[PDB]
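Notes for the one structure printed next.
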Amino acid sequence: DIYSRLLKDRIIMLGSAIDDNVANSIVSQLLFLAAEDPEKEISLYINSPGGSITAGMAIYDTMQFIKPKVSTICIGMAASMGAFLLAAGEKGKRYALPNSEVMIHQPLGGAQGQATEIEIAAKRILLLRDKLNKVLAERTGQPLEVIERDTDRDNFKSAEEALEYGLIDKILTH
Amino acid sequence: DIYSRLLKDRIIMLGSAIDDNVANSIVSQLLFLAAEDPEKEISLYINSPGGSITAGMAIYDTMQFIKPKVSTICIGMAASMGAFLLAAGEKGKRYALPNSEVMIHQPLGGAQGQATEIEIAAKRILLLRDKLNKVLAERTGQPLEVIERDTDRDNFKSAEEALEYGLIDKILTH
Amino acid sequence: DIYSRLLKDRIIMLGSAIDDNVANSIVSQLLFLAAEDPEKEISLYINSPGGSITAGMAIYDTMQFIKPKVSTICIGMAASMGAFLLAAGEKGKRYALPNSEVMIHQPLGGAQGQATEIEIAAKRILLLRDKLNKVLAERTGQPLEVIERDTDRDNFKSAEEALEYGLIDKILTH
Amino acid sequence: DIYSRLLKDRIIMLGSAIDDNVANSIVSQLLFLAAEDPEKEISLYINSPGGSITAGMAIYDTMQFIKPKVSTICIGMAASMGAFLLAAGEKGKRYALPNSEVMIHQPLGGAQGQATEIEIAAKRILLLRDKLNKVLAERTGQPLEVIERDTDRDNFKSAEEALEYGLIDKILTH
Amino acid sequence: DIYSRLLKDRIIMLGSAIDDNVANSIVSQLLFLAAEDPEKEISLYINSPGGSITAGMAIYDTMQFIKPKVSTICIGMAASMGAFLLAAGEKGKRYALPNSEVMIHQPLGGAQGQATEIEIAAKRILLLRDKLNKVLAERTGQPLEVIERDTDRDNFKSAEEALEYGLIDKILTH
Amino acid sequence: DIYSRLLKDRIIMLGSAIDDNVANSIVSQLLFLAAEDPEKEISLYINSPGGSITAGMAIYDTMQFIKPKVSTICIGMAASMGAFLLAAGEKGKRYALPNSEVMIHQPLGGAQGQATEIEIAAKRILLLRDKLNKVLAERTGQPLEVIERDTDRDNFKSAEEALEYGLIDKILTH
Amino acid sequence: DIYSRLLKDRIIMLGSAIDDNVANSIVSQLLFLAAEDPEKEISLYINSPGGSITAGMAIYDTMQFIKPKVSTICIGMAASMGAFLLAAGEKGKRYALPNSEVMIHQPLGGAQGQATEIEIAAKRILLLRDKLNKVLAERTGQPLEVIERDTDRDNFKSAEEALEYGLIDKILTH
Amino acid sequence: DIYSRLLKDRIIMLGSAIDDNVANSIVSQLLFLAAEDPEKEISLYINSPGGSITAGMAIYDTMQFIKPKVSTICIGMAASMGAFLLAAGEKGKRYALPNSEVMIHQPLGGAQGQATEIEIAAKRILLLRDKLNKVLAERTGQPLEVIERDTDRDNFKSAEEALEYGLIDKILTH
Amino acid sequence: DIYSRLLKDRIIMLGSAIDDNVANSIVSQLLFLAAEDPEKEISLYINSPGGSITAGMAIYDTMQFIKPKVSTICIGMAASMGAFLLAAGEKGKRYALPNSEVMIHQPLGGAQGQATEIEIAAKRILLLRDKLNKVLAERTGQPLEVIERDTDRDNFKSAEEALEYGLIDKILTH
Amino acid sequence: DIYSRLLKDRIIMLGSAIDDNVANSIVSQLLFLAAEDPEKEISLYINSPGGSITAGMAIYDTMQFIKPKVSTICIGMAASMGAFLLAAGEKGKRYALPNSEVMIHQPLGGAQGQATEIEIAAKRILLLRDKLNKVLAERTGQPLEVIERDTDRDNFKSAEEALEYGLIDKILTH
Amino acid sequence: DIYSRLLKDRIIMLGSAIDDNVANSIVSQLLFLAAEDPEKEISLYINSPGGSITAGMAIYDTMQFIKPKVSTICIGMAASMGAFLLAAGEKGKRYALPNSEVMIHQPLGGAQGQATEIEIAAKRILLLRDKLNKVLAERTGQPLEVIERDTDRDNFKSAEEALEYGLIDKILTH
Amino acid sequence: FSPXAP
Amino acid sequence: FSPXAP
Amino acid sequence: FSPXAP
Amino acid sequence: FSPXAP
Amino acid sequence: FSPXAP
Amino acid sequence: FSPXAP
Amino acid sequence: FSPXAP
Amino acid sequence: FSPXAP
Amino acid sequence: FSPXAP
Amino acid sequence: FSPXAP
Amino acid sequence: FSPXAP
Amino acid sequence: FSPXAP
Amino acid sequence: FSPXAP
């Protein structure tokens with residue numbers, strides 16, 4: 001398997017929407033690689049449209065927990081939680097290819113039923129938007145107010161723009 | 001038509017779920033009857049499971065606007081906004097039959113999309129719950145805190161219980 | 001219209017499952033006929049499989065409210081709430097044809113969601129079973145314990161058996 | 001297989017909704033690991049939305065039966081019976097990651113058919129809610145009345161909140 | 001309307017499967033015609049595949065109740081309860097056209113659920129088969145054992161065969 | 001495979017609804033294990049909602065045929081034929097975990113078509129109910145009349161209640 | 001017909017979503033009433049969720065073309081183009097009932113296919129948003145920048161708030 | 001596997017629509033081959049209808065990043081992003097077979113919802129059309145204005161025409 | 001009927017997509033009105049998205065055949081063949097309301113099957129595009145080359161723009 | 001695998017409709033076999049109904065590119081592009097079995113949308129029909145005019161007829 | 001009704017696909033009009049895509065049977081049997097509007113089952129094609145060989161081309 | 001359907 | 001349905 | 001529903 | 001559709 | 001909806 | 001839509 | 001599930 | 001399919 | 001997720 | 001697909 | 001994707 | 001359909 | 001299923 005080969009060289013591929021399955025796999029791989037060598041850095045290649053917030057945070061939390069520094073490479077598209085994960089890479093080791101695309105926005109969800117239930121859902125997602133926005137702010141250097149404003153609607157960025165924004169540190173060329 | 005006959009004697013039948021169509025019809029009939037004779041009271045027979053909040057308030061607002069006093073009779077079941085409308089009848093002229101059933105609860109709705117959009121929906125339905133609860137409190141005599149608590153979940157009441165609660169004033173027997 | 005002709009002679013036909021529509025129609029007709037002549041009895045012909053409990057009680061409550069005595073004739077089948085209505089006819093004036101079929105049983109319903117919500121539904125239907133059983137007991141002469149037992153499962157009865165049970169008073173022959 | 005590798009190091013992954021299949025697998029793994037070494041503790045990683053009550057209890061009962069101490073780690077989300085299982089971990093060894101989410105609530109079910117059948121279902125689920133709430137109470141330290149109240153509706157908790165509540169003992173950081 | 005014209009001359013058309021609607025209409029027409037003139041006979045033209053047992057008996061019971069003699073003419077096909085109704089015509093006045101077809105068989109039904117419930121359904125349909133067979137026996141002259149045997153499976157008969165069996169009294173020719 | 005490992009230690013897992021496939025597999029495994037060693041007991045772990053009656057009896061008959069004693073463990077839920085199989089375990093070796101659930105009830109089925117055919121189905125299922133109830137009575141110690149009564153409707157039992165009833169002999173704890 | 005009666009008194013009811021059919025009907029009625037008496041004002045009752053932009057402008061353009069002054073009454077809900085139409089009523093004669101709801105937002109649409117085609121759609125809807133916002137600004141008195149900002153997302157307003165905003169001129173009470 | 005054999009000789013097959021999966025596989029293979037020997041050229045065989053823009057760019061960006069020169073061979077059809085990739089081959093090493101077909105056109109997409117959201121989508125796809133057209137212009141030698149015009153609608157080209165346009169450098173014959 | 005009233009005053013409403021039914025109706029009305037008075041002009045109100053080409057030409061050909069001059073008024077939207085029909089109005093009597101929208105484009109169609117069959121369809125639609133464009137050119141005053149270019153893609157025009165283009169002669173205001 | 005065995009002896013089986021997958025496989029096999037021994041001829045067994053034109057040409061172009069002579073055998077049916085491929089076999093080495101069937105016809109396709117788009121599709125398929133017919137003419141010896149005429153509609157040919165036409169060179173017998 | 005008005009003036013409208021219903025109506029109208037006045041000509045307006053062959057011939061045969069001369073007017077489109085009927089109009093009185101379209105082609109059908117059955121269907125449709133072609137030849141003046149050739153595939157004709165072909169005699173203008 | 005029904 | 005309903 | 005509604 | 005149909 | 005609409 | 005259509 | 005099953 | 005394919 | 005689970 | 005790719 | 005990831 | 005049916 | 005099948 002081509003991917004299993006990449007894993008042998010400490011490279012994890014997040015190239016599909018993020019759901020609990022994908023998340024559990026990535027997490028296991030991260031813990032595995034960290035177990036084999038807590039020194040050698042790990043590379044997380046990203047080409048994902050995003051997905052579940054709790055799934056992404058599972059990945060994020062693991063990236064932070066392990067000792068190895070996790071570098072991220074945006075290849076193709078890094079949208080929503082995928083973009084979040086890209087920004088979460090080890091400071092100084094967050095890359096993107098020349099024509100990569102990075103999109104940041106606010107959480108998506110739903111609420112059905114009684115006003116009380118809708119309120120429960122509303123508070124949760126609004127709380128998540130804040131938790132995410134705060135981390136983005138720390139990781140980018142942008143003030144919270146700026147993140148809040150810029151993620152109000154789908155915000156597509158070129159690699160050059162992602163660099164200027166603080167989402168990535170370097171664009172891979174040749 | 002049997003109903004057209006009832007209209008000739010100032011009786012409006014709300015015997016279906018409440019939607020904009022039903023609401024507009026009831027509203028037109030109320031204005032019509034009030035136009036023909038602003039003195040003779042009007043009778044609104046109710047056997048509805050409820051429906052749209054804005055549709056019910058259209059009916060409610062019209063009941064209040066016209067001079068004729070509107071009496072309400074719960075025949076069969078008066079649930080949700082139907083129960084609200086029953087309670088909205090002219091004080092002293094709100095009836096129910098021996099085996100009628102009256103159910104009060106909180107508004108039902110939905111929200112899809114961005115956190116911001118879910119928040120818009122949440123505030124709206126929560127505001128509506130308050131506006132409705134306040135009127136119920138005034139109409140029943142129950143304190144707001146009591147209405148809020150008693151409508152948290154589907155609250156089915158017998159005619160005897162509806163009377164004790166202040167939703168109706170008298171039970172029709174023989 | 002053949003039925004409109006029967007209405008001219010104070011005969012209401014309940015020959016379909018009982019839903020809010022049917023119920024509202026029957027109720028209106030009852031009130032109408034009672035208005036035209038509060039003395040002449042009314043005949044309710046029944047051939048129904050039953051239906052909504054609240055719908056049936058709307059009919060029942062109206063049968064009791066009006067002055068005219070309401071006689072009931074079971075033609076074909078009188079099951080569930082239809083049987084209840086048959087039994088509700090004016091004592092001494094409840095009929096059935098030679099091969100009529102009368103079936104009594106307990107209420108049917110459903111509950112979905114949280115334990116608390118299922119409990120709400122459970123208490124309601126169990127309460128309704130009691131309310132109905134009590135009236136059946138009064139109308140038949142059977143003790144409540146007997147009604148409770150005999151309605152545990154679908155109980156089909158011939159006209160002869162319905163008569164012996166106290167559901168009807170006389171079998172029409174020739 | 002990445003998971004088979006985790007099993008080699010006594011780590012079971014519950015990262016999908018809980019159904020009989022998942023439950024039987026987890027149970028088998030627990031008995032297996034306990035057979036290989038009844039001394040070495042076992043780690044149950046949880047990222048599940050929950051599922052069948054009887055399935056969760058199969059897992060729970062097995063966690064209790066075996067000698068090895070079972071530690072639980074909430075990664076991502078631990079909702080419903082998943083949260084229950086998280087709380088069931090060996091006291092002092094229940095963890096969650098910084099951005100983990102823990103949600104507790106009451107059982108969900110359904111009932112169709114006769115009042116008697118609906119009642120059967122009602123008693124069962126209400127009994128289950130109690131059995132679960134009692135264990136939660138013991139495991140958290142919260143009094144039963146508190147658990148009953150706090151689980152009435154979907155109750156989402158941050159790792160910090162889960163810790164304060166007594167659902168977990170420690171938050172993994174770095 | 002062509003049929004309304006036939007009704008003016010005391011002819012009722014049963015030319016569709018028999019359901020409660022059809023049954024109620026036929027019954028009403030029978031009572032109507034009997035009301036207008038309890039002396040003049042009524043003609044029931046039959047071309048039906050049959051239908052509901054309780055619906056057919058409603059028609060049958062009414063045919064028996066009224067004073068006017070009801071003659072039956074099988075035009076096309078008279079199957080199942082339609083055949084039963086044909087046989088129910090006034091003795092001596094049961095006709096069929098040269099190429100009419102008459103089919104008699106046993107009742108059809110269904111049972112779902114618990115053994116107890118299946119048993120309830122079983123007893124009912126078995127009781128109905130007997131009640132019907134007994135009447136057929138009386139109406140034809142055939143002993144019950146013969147009716148039971150001959151109706152075990154779909155039994156198609158020509159007009160000549162229906163005559164010999166005692167289902168009809170005369171074949172209309174010219 | 002985790003289950004294949006359990007089979008190596010004479011443990012068969014019945015953890016899915018019971019259909020011919022499941023039944024044939026269990027039967028084969030029982031015969032297999034009995035062939036390898038007609039002395040060492042076999043353990044049948046149960047977590048099933050039940051299923052086909054003829055499928056369960058295939059398993060039951062095999063449990064009885066082979067020399068090795070078959071012990072049964074209810075893990076999770078043992079309903080319908082699953083509960084029957086649990087009760088069928090070697091007297092003295094029938095277990096259940098603390099929060100296991102055991103449900104006994106009567107057979108479920110269906111009948112479509114002619115009265116004669118419905119009767120065929122009725123007699124079969126009623127016969128099966130008796131055959132099953134009789135064995136339950138022998139296995140539990142409860143008199144037949146008691147089994148017949150207690151299985152009329154879904155009867156859910158806790159492990160403590162299953163023990164008191166005679167369905168199991170011991171509750172596994174620690 | 002109740003509505004036809006309202007038309008006789010110069011009252012048009014817009015109580016359904018706005019589509020070309022509804023629009024053409026309203027337009028015809030407006031032209032009709034204006035033809036009968038170009039002096040007597042006309043009343044447009046509104047309880048609509050909105051609909052097609054071109055359909056609403058057809059109505060709007062007709063409201064402006066005819067000599068009679070058109071007063072608008074919001075009963076129930078006036079959302080999207082319905083709110084626009086409410087605001088379009090004759091200055092000083094725009095009403096709403098105590099519990100009416102008024103919601104303003106930006107146009108909704110869709111684009112599929114080639115970038116060039118999507119651009120065609122984009123320019124159109126953006127142009128429409130401006131045309132609408134400008135008229136709203138003139139009708140309310142609010143500066144364009146304010147309308148643009150306040151309609152960015154669903155903006156629900158109470159009658160009191162609609163009055164303060166300049167959408168209506170008076171709230172009907174009693 | 002036949003393809004695995006081609007990979008052993010540095011040949012990657014892009015013979016299916018381009019989606020994230022296909023893209024990630026191709027990218028991995030390119031990095032793999034480049035790792036094994038950064039000197040030996042790699043051959044990308046193309047027979048694809050195209051697909052995701054971000055997926056194609058992932059492939060494109062990788063083709064550019066690695067040291068090995070990537071030659072492209074159009075076999076069958078090279079449409080949309082597939083044609084783009086063909087044109088992206090190492091200058092001088094872009095081939096096509098005698099009857100190959102090459103089709104270039106503009107990006108395809110969609111937009112749903114609010115005008116603001118449609119505008120977000122519009123700007124993105126229009127930006128992508130430019131980014132792609134610019135590269136095509138560089139790779140072919142055609143001025144941008146020409147590429148823009150020629151890709152306005154599906155532009156099918158024969159191998160001879162692809163050669164004249166500058167999409168390929170040579171046609172393989174024999 | 002409101003429309004029947006408009007017909008009494010020589011006004012035909014084309015307010016739905018154009019299909020053979022609509023077309024035949026419009027054509028009949030035109031011939032009818034022309035028959036009643038070949039002198040009084042007729043007014044065709046248009047608010048249509050367009051439709052069948054042969055259907056529109058049926059209308060167009062009839063507009064030309066009859067003596068009465070046919071004036072057209074665009075209310076709401078006049079797209080595709082609807083726009084064509086608007087342009088077809090009597091020169092000098094083609095109107096549009098202030099916010100009307102007029103859209104012109106090329107014909108839409110489909111072809112399936114053998115190359116020969118696709119060619120048949122192709123020639124037909126291309127021939128129709130020409131026939132239509134030529135008439136548009138005559139009616140507007142624009143040269144054919146201009147019509148051909150401007151209708152290549154959906155071309156939305158404001159009333160002011162429609163006037164400048166020569167599609168209408170005057171904008172109705174007040 | 002039986003087919004893998006045939007490949008070992010340089011035999012490729014085209015026994016399914018031709019799609020990109022099939023095409024890529026055949027192409028790979030051809031290149032593979034040619035790589036192993038550019039001298040030994042290869043045998044392509046054909047029993048296909050045809051398929052994609054670009055897919056078939058991928059196969060055709062590869063047959064021509066490689067040095068080994070490719071002989072073709074029609075077994076069963078060789079229709080459409082399959083027949084084309086059969087005719088493409090090395091001159092003198094094109095076979096068919098006694099009862100093989102060979103069918104030639106023109107390309108099949110579809111066009112949807114604007115006249116301009118339909119025209120794009122029309123030109124393409126018409127161009128393809130010509131390219132194919134020309135090759136068929138060269139391969140068979142029939143003049144183009146003859147191929148064009150004979151492929152206008154489905155033209156089924158026996159092996160004897162295929163031989164006389166020049167599609168094959170010899171019929172295999174024994 | 002607008003059409004009923006046309007009938008009063010001897011105008012029949014064939015403006016829908018031709019099926020037995022349409023055919024029977026047209027036939028009845030033709031016989032009716034012929035009965036009222038066997039002298040005054042009748043006008044058949046056509047705008048149909050065609051339909052059933054036996055249905056069209058029913059109309060055709062009636063056109064020929066009656067004494068009144070039947071003139072035909074093609075308005076919109078006259079395809080298949082509709083075109084046949086247009087050509088069937090009284091010689092010298094067959095018209096079409098300037099932009100009418102006339103399409104002639106061969107019969108369409110289907111055959112399923114045994115070779116013998118397919119052959120039955122084949123002979124029938126082939127016989128019908130001849131019968132129709134022969135009449136077309138007589139009506140147009142074109143030799144049969146020409147009709148057979150020109151109807152081999154869908155042959156669309158302008159009014160000018162229909163005139164030149166002999167399908168119509170005059171084009172209506174003004 | 002007479003003679004004799006009616 | 002008389003004698004006696006009506 | 002009179003006496004007294006109407 | 002006259003002169004001359006009718 | 002008068003006084004005053006109408 | 002008069003003055004002047006009609 | 002031992003002690004004692006196995 | 002030999003003699004002679006192979 | 002060690003130190004300390006494992 | 002050599003000479004020359006590979 | 002090295003130099004330098006790895 | 002006369003002369004002669006009717 | 002032995003003794004005795006096998």
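Note that these values count all heavy atoms, side chains included, but never hydrogens, waters or copies made by symmetry. Order of the sequence lines sets the chain letters (A, B, ...), proteins ahead of strands, with each chain counted from 1.
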Looking at side-chain heavy atoms only, is the closest gap between [X] and [Y] below 4.5 Å?
X: G:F156; Y: G:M77; answer: yes
X: B:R139; Y: B:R94; answer: yes
X: C:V27; Y: C:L31; answer: yes
X: B:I12; Y: B:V70; answer: no
X: G:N47; Y: G:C74; answer: no
X: B:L14; Y: B:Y45; answer: no
X: C:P38; Y: C:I66; answer: no
X: B:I104; Y: B:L167; answer: yes

Minimum heavy-atom distance between [X] and [Y], given as atom pair plus value:
X: G:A159; Y: G:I168; answer: O-CD1, 3.5 Å
X: G:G50; Y: G:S80; answer: CA-CB, 4.0 Å
X: B:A55; Y: B:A23; answer: O-CB, 3.4 Å
X: B:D169; Y: B:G92; answer: OD2-N, 2.7 Å
X: G:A162; Y: G:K157; answer: N-CB, 4.2 Å
X: B:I46; Y: B:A78; answer: CG2-CB, 4.4 Å

Between [X] and [Y], does at least one N-O distance fall below 4.0 Å, as a salt bridge requires?
X: C:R124; Y: B:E101; value: yes
X: B:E41; Y: B:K93; value: yes
X: B:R5; Y: B:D1; value: no

Taking side chain to side chain donor-acceptor pair (under 3.5 Å) as the definition, give me every residue that meets it alongside [X], ordered by chain and number, with sequence neighbours left out.
X: B:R129; result: none
X: C:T54; result: C:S52
X: D:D154; result: D:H105
X: C:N133; result: none

Just how far is it from atom [atom1] of [X] to atom [atom2] of [Y], taken to the nearest 0.5 Å?
X: C:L85; Y: C:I26; atom1: CG; atom2: CD1; result: 9.0 Å
X: B:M13; Y: B:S25; atom1: CE; atom2: OG; result: 13.0 Å
X: B:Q142; Y: B:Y165; atom1: CD; atom2: OH; result: 4.5 Å
X: B:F32; Y: B:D37; atom1: CZ; atom2: CG; result: 11.5 Å
X: B:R10; Y: B:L30; atom1: CZ; atom2: CG; result: 10.0 Å
X: B:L44; Y: B:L86; atom1: CG; atom2: CG; result: 9.0 Å

Heavy-atom donor-acceptor pair, [X] side chain to [Y] backbone, under 3.5 Å:
X: G:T140; Y: G:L136; value: yes
X: G:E161; Y: G:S158; value: yes
X: C:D19; Y: C:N21; value: yes
X: G:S48; Y: G:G82; value: no

Original post:
Between C:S28 and B:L6, is a side chain to side chain contact (heavy atoms under 4.5 Å, CB included) present by the stated rule, with each step listed?
Top reply: CA-CA 8 Å; C:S28 294; B:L6 294 182; 3.7 Å; yes

Original post:
Given the rule in the side-chain hydrogen bond (donor to acceptor under 3.5 Å, both in side chains) test, do G:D150 and G:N155 qualify, once you have shown the distances and angles that lead to the verdict?
Top reply: CA-CA 7 Å; G:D150 294 15; G:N155 187 170; over 6 Å; no

**OP:** Return the set of residues passing side chain to side chain contact (heavy atoms under 4.5 Å, CB included) with G:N99 (not counting sequence neighbours), or none when no residue passes.
**Re:**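 G:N99 satisfies side chain to side chain contact (heavy atoms under 4.5 Å, CB included) with B:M57, B:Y60, B:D61, B:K131 once adjacent residues are dropped.
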
**OP:** Kindly determine whether B:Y95 and B:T72 satisfy side chain to side chain contact (heavy atoms under 4.5 Å, CB included), including the steps that lead there.
**Re:** CA-CA 6 Å; B:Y95 317 80; B:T72 62; over 6 Å; no

Would you be so kind as to tabulate the donor-acceptor pairs closer than 3.5 Å made by side chains of residues 107-114 of chain C, with sequence neighbours excluded?
residue : atom : partner : partner atom : Å
C:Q114  : OE1  : B:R153  : NH2          : 2.6
C:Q114  : NE2  : D:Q106  : OE1          : 3.4
C:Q114  : NE2  : D:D152  : O            : 3.0

**OP:** Tell me, with the steps shown, if C:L132 and C:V135 meet side chain to side chain contact (heavy atoms under 4.5 Å, CB included).
**Re:** CA-CA 5 Å; C:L132 295 176; C:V135 175; over 6 Å; no

Original post:
What's the verdict on side chain to side chain contact (heavy atoms under 4.5 Å, CB included) for B:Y3 and B:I11, showing C-alpha distance, side-chain angles and the deciding distance?
Top reply: CA-CA 8 Å; B:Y3 296 111; B:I11 296 181; over 6 Å; no

